[PDB]
$ cat protein11.txt   # compact mmCIF, N, CA, C and O atoms
# COMPACT_ATOMS: atom_id res chain seq x y z
N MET A 1 93.36 139.08 126.86
CA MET A 1 92.23 139.21 127.81
C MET A 1 92.41 140.44 128.71
O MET A 1 93.44 141.11 128.65
N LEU A 2 91.39 140.79 129.51
CA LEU A 2 91.22 142.11 130.11
C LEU A 2 90.86 142.00 131.59
O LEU A 2 90.59 140.92 132.12
N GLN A 3 90.80 143.15 132.26
CA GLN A 3 90.33 143.34 133.62
C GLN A 3 89.60 144.69 133.68
O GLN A 3 89.94 145.58 132.90
N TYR A 4 88.66 144.86 134.61
CA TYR A 4 88.11 146.17 134.98
C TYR A 4 88.39 146.48 136.44
O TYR A 4 88.62 145.57 137.25
N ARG A 5 88.23 147.75 136.80
CA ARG A 5 87.79 148.18 138.12
C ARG A 5 86.58 149.08 137.86
O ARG A 5 86.59 149.84 136.89
N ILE A 6 85.55 148.99 138.68
CA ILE A 6 84.30 149.73 138.55
C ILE A 6 84.02 150.30 139.93
O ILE A 6 84.24 149.62 140.93
N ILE A 7 83.48 151.51 139.98
CA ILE A 7 82.96 152.13 141.18
C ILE A 7 81.56 152.64 140.81
O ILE A 7 81.39 153.19 139.72
N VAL A 8 80.57 152.45 141.68
CA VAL A 8 79.19 152.86 141.45
C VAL A 8 78.59 153.47 142.71
O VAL A 8 78.94 153.07 143.83
N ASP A 9 77.66 154.40 142.54
CA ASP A 9 76.92 155.07 143.60
C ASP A 9 75.46 155.19 143.15
O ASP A 9 75.18 155.15 141.94
N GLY A 10 74.54 155.30 144.09
CA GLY A 10 73.10 155.24 143.89
C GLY A 10 72.52 154.46 145.06
O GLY A 10 73.16 154.33 146.11
N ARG A 11 71.35 153.86 144.87
CA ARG A 11 70.88 152.81 145.77
C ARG A 11 71.59 151.53 145.35
O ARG A 11 70.96 150.62 144.81
N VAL A 12 72.91 151.46 145.51
CA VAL A 12 73.74 150.34 145.06
C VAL A 12 73.87 149.27 146.15
O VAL A 12 74.86 148.56 146.22
N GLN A 13 72.88 149.17 147.04
CA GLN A 13 72.75 148.11 148.03
C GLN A 13 71.27 148.09 148.46
O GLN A 13 70.45 148.80 147.88
N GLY A 14 70.92 147.26 149.45
CA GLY A 14 69.57 147.18 149.99
C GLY A 14 69.40 145.88 150.77
O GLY A 14 68.94 145.89 151.91
N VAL A 15 69.87 144.78 150.17
CA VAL A 15 70.04 143.49 150.84
C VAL A 15 71.19 142.69 150.21
O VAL A 15 71.88 141.96 150.92
N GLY A 16 71.46 142.87 148.90
CA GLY A 16 72.51 142.11 148.23
C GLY A 16 72.72 142.54 146.78
O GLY A 16 72.81 141.69 145.91
N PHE A 17 72.83 143.85 146.50
CA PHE A 17 73.27 144.29 145.17
C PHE A 17 74.67 143.76 144.87
O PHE A 17 74.95 143.33 143.75
N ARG A 18 75.55 143.72 145.89
CA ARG A 18 76.87 143.13 145.72
C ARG A 18 76.77 141.64 145.34
O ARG A 18 77.55 141.18 144.52
N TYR A 19 75.79 140.91 145.87
CA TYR A 19 75.56 139.53 145.44
C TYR A 19 75.06 139.52 144.00
O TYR A 19 75.58 138.75 143.19
N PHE A 20 74.10 140.39 143.64
CA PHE A 20 73.55 140.47 142.29
C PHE A 20 74.66 140.65 141.26
O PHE A 20 74.70 139.88 140.30
N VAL A 21 75.58 141.60 141.45
CA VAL A 21 76.61 141.81 140.46
C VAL A 21 77.45 140.54 140.32
O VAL A 21 77.72 140.11 139.21
N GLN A 22 77.76 139.83 141.41
CA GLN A 22 78.52 138.58 141.31
C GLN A 22 77.70 137.43 140.71
O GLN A 22 78.29 136.53 140.11
N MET A 23 76.36 137.47 140.76
CA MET A 23 75.55 136.55 139.96
C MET A 23 75.78 136.84 138.48
O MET A 23 76.01 135.92 137.70
N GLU A 24 75.74 138.12 138.09
CA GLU A 24 75.95 138.53 136.71
C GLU A 24 77.39 138.22 136.26
O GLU A 24 77.60 137.88 135.10
N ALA A 25 78.36 138.28 137.18
CA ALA A 25 79.73 137.85 136.95
C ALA A 25 79.75 136.37 136.57
O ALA A 25 80.26 136.02 135.51
N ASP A 26 79.17 135.51 137.42
CA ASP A 26 79.14 134.07 137.19
C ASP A 26 78.38 133.72 135.91
O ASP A 26 78.83 132.89 135.13
N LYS A 27 77.26 134.40 135.66
CA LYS A 27 76.45 134.25 134.45
C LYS A 27 77.27 134.44 133.18
O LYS A 27 76.95 133.82 132.16
N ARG A 28 78.34 135.24 133.21
CA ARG A 28 79.23 135.47 132.07
C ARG A 28 80.67 135.02 132.37
O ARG A 28 81.60 135.45 131.69
N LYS A 29 80.83 134.13 133.36
CA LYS A 29 82.09 133.55 133.85
C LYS A 29 83.24 134.57 133.94
O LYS A 29 84.39 134.26 133.61
N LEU A 30 82.93 135.77 134.44
CA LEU A 30 83.94 136.67 134.99
C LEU A 30 84.39 136.11 136.34
O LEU A 30 83.70 135.29 136.94
N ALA A 31 85.53 136.60 136.86
CA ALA A 31 86.06 136.20 138.15
C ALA A 31 86.76 137.40 138.78
O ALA A 31 87.55 138.07 138.10
N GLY A 32 86.46 137.71 140.04
CA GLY A 32 86.86 138.96 140.68
C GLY A 32 86.24 139.13 142.06
O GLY A 32 85.73 138.16 142.62
N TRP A 33 86.22 140.35 142.60
CA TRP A 33 85.65 140.66 143.91
C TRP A 33 84.71 141.87 143.86
O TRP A 33 84.79 142.69 142.94
N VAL A 34 83.86 142.00 144.89
CA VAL A 34 83.00 143.17 145.13
C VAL A 34 83.16 143.62 146.58
O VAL A 34 83.41 142.80 147.47
N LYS A 35 83.03 144.93 146.83
CA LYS A 35 83.33 145.61 148.08
C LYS A 35 82.37 146.79 148.23
O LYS A 35 81.90 147.32 147.22
N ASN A 36 82.13 147.26 149.46
CA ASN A 36 81.50 148.56 149.72
C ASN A 36 82.52 149.43 150.43
O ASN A 36 83.07 149.06 151.47
N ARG A 37 82.83 150.58 149.82
CA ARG A 37 83.84 151.51 150.29
C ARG A 37 83.29 152.29 151.48
O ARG A 37 82.10 152.57 151.55
N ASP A 38 84.18 152.72 152.38
CA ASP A 38 83.83 153.60 153.50
C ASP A 38 83.26 154.93 153.01
O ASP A 38 82.42 155.54 153.67
N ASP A 39 83.69 155.38 151.82
CA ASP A 39 83.19 156.60 151.17
C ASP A 39 81.75 156.47 150.64
O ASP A 39 81.16 157.47 150.23
N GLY A 40 81.17 155.26 150.68
CA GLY A 40 79.76 155.00 150.40
C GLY A 40 79.53 154.30 149.06
O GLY A 40 78.47 153.71 148.88
N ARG A 41 80.49 154.35 148.13
CA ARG A 41 80.36 153.67 146.84
C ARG A 41 80.39 152.15 147.03
O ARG A 41 80.87 151.64 148.04
N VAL A 42 79.95 151.42 146.01
CA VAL A 42 80.32 150.02 145.83
C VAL A 42 81.45 150.00 144.80
O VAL A 42 81.52 150.88 143.93
N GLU A 43 82.34 149.02 144.90
CA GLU A 43 83.51 148.87 144.04
C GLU A 43 83.59 147.41 143.63
O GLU A 43 83.25 146.52 144.42
N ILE A 44 84.04 147.15 142.41
CA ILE A 44 84.06 145.84 141.80
C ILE A 44 85.36 145.75 141.00
O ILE A 44 85.78 146.75 140.41
N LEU A 45 85.99 144.58 140.94
CA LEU A 45 87.22 144.38 140.16
C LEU A 45 87.23 142.93 139.70
O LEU A 45 87.00 142.06 140.53
N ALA A 46 87.46 142.66 138.41
CA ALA A 46 87.42 141.30 137.86
C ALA A 46 88.22 141.22 136.57
O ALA A 46 88.31 142.21 135.84
N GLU A 47 88.70 140.02 136.24
CA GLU A 47 89.27 139.67 134.95
C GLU A 47 88.19 139.06 134.05
O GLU A 47 87.20 138.51 134.55
N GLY A 48 88.38 139.11 132.72
CA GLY A 48 87.50 138.48 131.75
C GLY A 48 87.79 138.92 130.32
O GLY A 48 88.70 139.72 130.09
N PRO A 49 87.06 138.39 129.32
CA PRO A 49 87.12 138.90 127.96
C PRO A 49 86.35 140.21 127.85
O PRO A 49 85.43 140.47 128.63
N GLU A 50 86.70 141.04 126.86
CA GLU A 50 86.18 142.40 126.72
C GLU A 50 84.65 142.42 126.66
O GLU A 50 84.02 143.17 127.40
N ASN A 51 84.05 141.55 125.84
CA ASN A 51 82.59 141.51 125.70
C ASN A 51 81.92 141.14 127.02
O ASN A 51 80.88 141.71 127.35
N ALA A 52 82.50 140.21 127.78
CA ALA A 52 81.92 139.80 129.05
C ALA A 52 81.97 140.96 130.04
O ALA A 52 80.96 141.27 130.68
N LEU A 53 83.13 141.62 130.13
CA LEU A 53 83.36 142.73 131.04
C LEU A 53 82.42 143.89 130.71
O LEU A 53 81.83 144.48 131.61
N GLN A 54 82.24 144.22 129.43
CA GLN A 54 81.39 145.32 129.01
C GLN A 54 79.90 144.99 129.21
O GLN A 54 79.14 145.85 129.65
N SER A 55 79.48 143.76 128.94
CA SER A 55 78.10 143.34 129.18
C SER A 55 77.78 143.43 130.68
O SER A 55 76.71 143.89 131.07
N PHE A 56 78.74 143.05 131.53
CA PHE A 56 78.65 143.23 132.97
C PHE A 56 78.52 144.71 133.32
O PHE A 56 77.64 145.05 134.09
N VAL A 57 79.35 145.60 132.75
CA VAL A 57 79.24 147.04 133.00
C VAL A 57 77.80 147.50 132.70
O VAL A 57 77.22 148.21 133.53
N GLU A 58 77.20 147.07 131.59
CA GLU A 58 75.81 147.41 131.28
C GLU A 58 74.85 146.87 132.34
O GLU A 58 73.94 147.59 132.76
N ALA A 59 75.05 145.64 132.81
CA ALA A 59 74.24 145.01 133.85
C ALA A 59 74.28 145.80 135.17
O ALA A 59 73.24 145.94 135.81
N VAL A 60 75.44 146.34 135.56
CA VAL A 60 75.51 147.20 136.74
C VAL A 60 74.82 148.54 136.41
O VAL A 60 73.89 148.94 137.10
N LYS A 61 75.25 149.21 135.33
CA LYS A 61 74.85 150.57 134.99
C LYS A 61 73.34 150.69 134.81
O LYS A 61 72.76 151.69 135.23
N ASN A 62 72.70 149.69 134.20
CA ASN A 62 71.26 149.68 133.98
C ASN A 62 70.48 149.69 135.29
O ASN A 62 69.35 150.17 135.32
N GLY A 63 71.08 149.19 136.39
CA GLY A 63 70.41 149.08 137.67
C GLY A 63 69.16 148.20 137.54
O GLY A 63 68.08 148.61 137.95
N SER A 64 69.32 147.05 136.90
CA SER A 64 68.25 146.08 136.66
C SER A 64 67.49 145.66 137.94
O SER A 64 66.26 145.53 137.85
N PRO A 65 68.13 145.46 139.11
CA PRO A 65 67.44 145.16 140.38
C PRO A 65 66.58 146.32 140.93
O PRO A 65 66.43 147.38 140.32
N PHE A 66 66.04 146.11 142.13
CA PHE A 66 65.47 147.16 142.98
C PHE A 66 66.56 148.17 143.40
O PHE A 66 66.28 149.37 143.48
N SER A 67 67.78 147.70 143.66
CA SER A 67 68.97 148.54 143.78
C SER A 67 69.32 149.07 142.38
O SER A 67 69.26 148.31 141.41
N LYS A 68 69.70 150.35 142.27
CA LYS A 68 70.06 150.95 140.98
C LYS A 68 71.15 152.00 141.16
O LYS A 68 71.25 152.64 142.20
N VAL A 69 71.95 152.15 140.11
CA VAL A 69 73.05 153.09 140.04
C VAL A 69 72.49 154.46 139.62
O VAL A 69 71.50 154.52 138.87
N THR A 70 73.14 155.54 140.03
CA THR A 70 72.90 156.89 139.54
C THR A 70 74.22 157.56 139.09
O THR A 70 74.18 158.59 138.41
N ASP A 71 75.39 156.98 139.41
CA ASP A 71 76.70 157.42 138.93
C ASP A 71 77.64 156.22 138.87
O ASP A 71 77.60 155.37 139.77
N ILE A 72 78.48 156.14 137.84
CA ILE A 72 79.40 155.03 137.60
C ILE A 72 80.72 155.59 137.07
O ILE A 72 80.73 156.60 136.35
N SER A 73 81.82 154.91 137.38
CA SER A 73 83.14 155.12 136.81
C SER A 73 83.75 153.75 136.57
O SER A 73 83.52 152.82 137.35
N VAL A 74 84.53 153.61 135.49
CA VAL A 74 85.14 152.35 135.08
C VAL A 74 86.57 152.67 134.64
O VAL A 74 86.83 153.70 134.02
N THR A 75 87.49 151.76 134.95
CA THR A 75 88.87 151.73 134.48
C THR A 75 89.09 150.31 133.95
O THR A 75 88.46 149.37 134.44
N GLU A 76 89.97 150.13 132.97
CA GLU A 76 90.23 148.84 132.35
C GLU A 76 91.74 148.63 132.16
O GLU A 76 92.49 149.60 132.04
N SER A 77 92.15 147.37 132.14
CA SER A 77 93.54 146.93 132.14
C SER A 77 93.64 145.58 131.42
O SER A 77 92.63 144.96 131.08
N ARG A 78 94.87 145.08 131.22
CA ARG A 78 95.16 143.74 130.70
C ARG A 78 95.69 142.82 131.81
O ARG A 78 96.02 141.66 131.55
N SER A 79 95.78 143.32 133.04
CA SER A 79 96.36 142.67 134.21
C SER A 79 95.46 141.54 134.74
O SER A 79 94.76 141.71 135.74
N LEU A 80 95.44 140.39 134.05
CA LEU A 80 94.84 139.17 134.57
C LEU A 80 95.47 138.79 135.92
O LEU A 80 96.63 139.11 136.20
N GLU A 81 94.70 138.07 136.73
CA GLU A 81 95.00 137.82 138.14
C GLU A 81 95.22 136.32 138.38
O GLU A 81 95.91 135.94 139.33
N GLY A 82 94.63 135.47 137.54
CA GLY A 82 94.45 134.05 137.81
C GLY A 82 93.25 133.82 138.73
O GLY A 82 93.23 132.82 139.45
N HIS A 83 92.28 134.75 138.77
CA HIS A 83 91.08 134.58 139.57
C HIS A 83 90.20 133.51 138.91
O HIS A 83 90.08 133.48 137.68
N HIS A 84 89.58 132.64 139.72
CA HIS A 84 88.78 131.49 139.25
C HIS A 84 87.45 131.38 140.01
O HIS A 84 86.77 130.35 139.95
N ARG A 85 87.05 132.44 140.73
CA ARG A 85 85.80 132.53 141.49
C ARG A 85 85.33 133.98 141.51
O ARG A 85 86.10 134.87 141.13
N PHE A 86 84.13 134.23 142.01
CA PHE A 86 83.75 135.56 142.48
C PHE A 86 83.92 135.60 144.00
O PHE A 86 83.79 134.57 144.67
N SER A 87 84.15 136.79 144.55
CA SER A 87 84.40 136.99 145.98
C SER A 87 83.70 138.26 146.46
O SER A 87 83.43 139.18 145.68
N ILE A 88 83.37 138.30 147.75
CA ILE A 88 82.53 139.33 148.33
C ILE A 88 83.22 139.74 149.63
O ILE A 88 83.32 138.94 150.56
N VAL A 89 83.75 140.96 149.67
CA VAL A 89 84.32 141.52 150.88
C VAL A 89 83.15 141.75 151.85
O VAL A 89 82.07 142.20 151.45
N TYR A 90 83.36 141.44 153.13
CA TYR A 90 82.34 141.54 154.18
C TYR A 90 82.20 143.00 154.68
O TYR A 90 82.05 143.25 155.88
N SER A 91 82.32 143.97 153.77
CA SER A 91 82.19 145.39 154.02
C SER A 91 80.86 145.68 154.73
O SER A 91 79.82 145.21 154.22
$ encode --input "protein11.txt" --output "structure tokens"
Amino acid sequence: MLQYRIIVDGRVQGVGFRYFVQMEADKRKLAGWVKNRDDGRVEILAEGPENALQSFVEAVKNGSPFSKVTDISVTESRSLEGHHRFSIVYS
């Protein structure tokens, strides 16, 4: 099994884009956290199977909400965490 870290920029907020991505996390039973960086990006990190993690990357990258991405970066690992929920930093 796998993990990602993702960073995104664009209109990547508005009222709850960070909530939206964690809905899409739960929808594919990923488990991890979401944050808004002081540098202005949103950042996401979660464990899951490869197909779930990549389908989630498409869900962020597509900018399906009113909030949408215009730049994305992704890193991937095998470093499972034992995460069993989604979490939202109060950034």
$ closest_residue --input "protein11.txt" --among "A:48, A:11, A:53, A:4" --to "residue 69 (chain A)" --atoms "only N, CA, C and O atoms"
A:11
$ axis_aligned_box --input "protein11.txt" --around "region 50-60 of chain A" --padding-each-side "4 Å" --output "lines of an AutoDock Vina configuration file"
center_x = 80.0
center_y = 144.4
center_z = 131.4
size_x = 21.5
size_y = 17.1
size_z = 19.4
$ atom_distance --input "protein11.txt" --atom1 "atom N of residue 19 (chain A)" --atom2 "atom O of residue 80 (chain A)"
23.0 Å
$ closest_residue --input "protein11.txt" --among "A:47, A:58, A:76, A:9" --to "residue 33 (chain A)" --atoms "all atoms listed in the file"
A:47
$ residues_around --input "protein11.txt" --residues "region 34-41 of chain A" --least-positions-apart "5" --cutoff "7 Å" --atoms "only C-alpha atoms" --output "tab-separated table (two decimals) with N, CA, C and O atoms, in the coordinates of the input"
chain	number	residue	atom	x	y	z
A	7	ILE	N	83.48	151.51	139.98
A	7	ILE	CA	82.96	152.13	141.18
A	7	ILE	C	81.56	152.64	140.81
A	7	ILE	O	81.39	153.19	139.72
A	8	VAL	N	80.57	152.45	141.68
A	8	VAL	CA	79.19	152.86	141.45
A	8	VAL	C	78.59	153.47	142.71
A	8	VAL	O	78.94	153.07	143.83
A	9	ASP	N	77.66	154.40	142.54
A	9	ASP	CA	76.92	155.07	143.60
A	9	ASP	C	75.46	155.19	143.15
A	9	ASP	O	75.18	155.15	141.94
A	18	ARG	N	75.55	143.72	145.89
A	18	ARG	CA	76.87	143.13	145.72
A	18	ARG	C	76.77	141.64	145.34
A	18	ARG	O	77.55	141.18	144.52
A	87	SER	N	84.15	136.79	144.55
A	87	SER	CA	84.40	136.99	145.98
A	87	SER	C	83.70	138.26	146.46
A	87	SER	O	83.43	139.18	145.68
A	88	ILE	N	83.37	138.30	147.75
A	88	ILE	CA	82.53	139.33	148.33
A	88	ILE	C	83.22	139.74	149.63
A	88	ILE	O	83.32	138.94	150.56
A	89	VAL	N	83.75	140.96	149.67
A	89	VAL	CA	84.32	141.52	150.88
A	89	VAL	C	83.15	141.75	151.85
A	89	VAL	O	82.07	142.20	151.45
A	91	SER	N	82.32	143.97	153.77
A	91	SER	CA	82.19	145.39	154.02
A	91	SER	C	80.86	145.68	154.73
A	91	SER	O	79.82	145.21	154.22
$ residues_around --input "protein11.txt" --residues "region 64-67 of chain A" --least-positions-apart "3" --cutoff "5 Å" --atoms "all atoms listed in the file" --output "mmCIF file with N, CA, C and O atoms, in the frame of the given file"
data_model
loop_
_atom_site.group_PDB
_atom_site.id
_atom_site.type_symbol
_atom_site.label_atom_id
_atom_site.label_comp_id
_atom_site.auth_asym_id
_atom_site.auth_seq_id
_atom_site.Cartn_x
_atom_site.Cartn_y
_atom_site.Cartn_z
ATOM 1 N N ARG A 11 71.350 153.860 144.870
ATOM 2 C CA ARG A 11 70.880 152.810 145.770
ATOM 3 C C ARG A 11 71.590 151.530 145.350
ATOM 4 O O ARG A 11 70.960 150.620 144.810
ATOM 5 N N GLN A 13 72.880 149.170 147.040
ATOM 6 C CA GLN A 13 72.750 148.110 148.030
ATOM 7 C C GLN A 13 71.270 148.090 148.460
ATOM 8 O O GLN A 13 70.450 148.800 147.880
ATOM 9 N N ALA A 59 75.050 145.640 132.810
ATOM 10 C CA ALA A 59 74.240 145.010 133.850
ATOM 11 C C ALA A 59 74.280 145.800 135.170
ATOM 12 O O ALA A 59 73.240 145.940 135.810
ATOM 13 N N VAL A 60 75.440 146.340 135.560
ATOM 14 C CA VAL A 60 75.510 147.200 136.740
ATOM 15 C C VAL A 60 74.820 148.540 136.410
ATOM 16 O O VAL A 60 73.890 148.940 137.100
#
$ select_by_dssp --input "protein11.txt" --residues "region 3-72 of chain A" --states "helix (DSSP H, G or I)" --output "ChimeraX atom specification"
/A:17-27,50-61
$ closest_residue --input "protein11.txt" --among "A:52, A:45, A:57, A:23" --to "residue 77 (chain A)" --atoms "only C-alpha atoms"
A:45
$ closest_residue --input "protein11.txt" --among "A:25, A:6, A:15, A:30" --to "residue 42 (chain A)" --atoms "only C-alpha atoms"
A:6
$ select_by_dssp --input "protein11.txt" --residues "chain A" --states "strand (DSSP E or B)" --output "ChimeraX atom specification"
/A:2-11,31-36,42-48,68-77,86-88
$ closest_residue --input "protein11.txt" --among "A:50, A:73, A:63, A:78" --to "residue 20 (chain A)" --atoms "only C-alpha atoms"
A:63
$ closest_residue --input "protein11.txt" --among "A:68, A:56, A:49, A:44" --to "residue 12 (chain A)" --atoms "all atoms listed in the file"
A:68
$ atom_distance --input "protein11.txt" --atom1 "CA of residue 90 (chain A)" --atom2 "CA of residue 27 (chain A)"
21.8 Å
$ atom_distance --input "protein11.txt" --atom1 "CA of residue 16 (chain A)" --atom2 "CA of residue 2 (chain A)"
26.0 Å
$ residues_around --input "protein11.txt" --residues "residue 46 (chain A)" --least-positions-apart "2" --cutoff "6 Å" --atoms "only C-alpha atoms" --output "VMD selection string"
chain A and resid 3 to 4 31 to 32
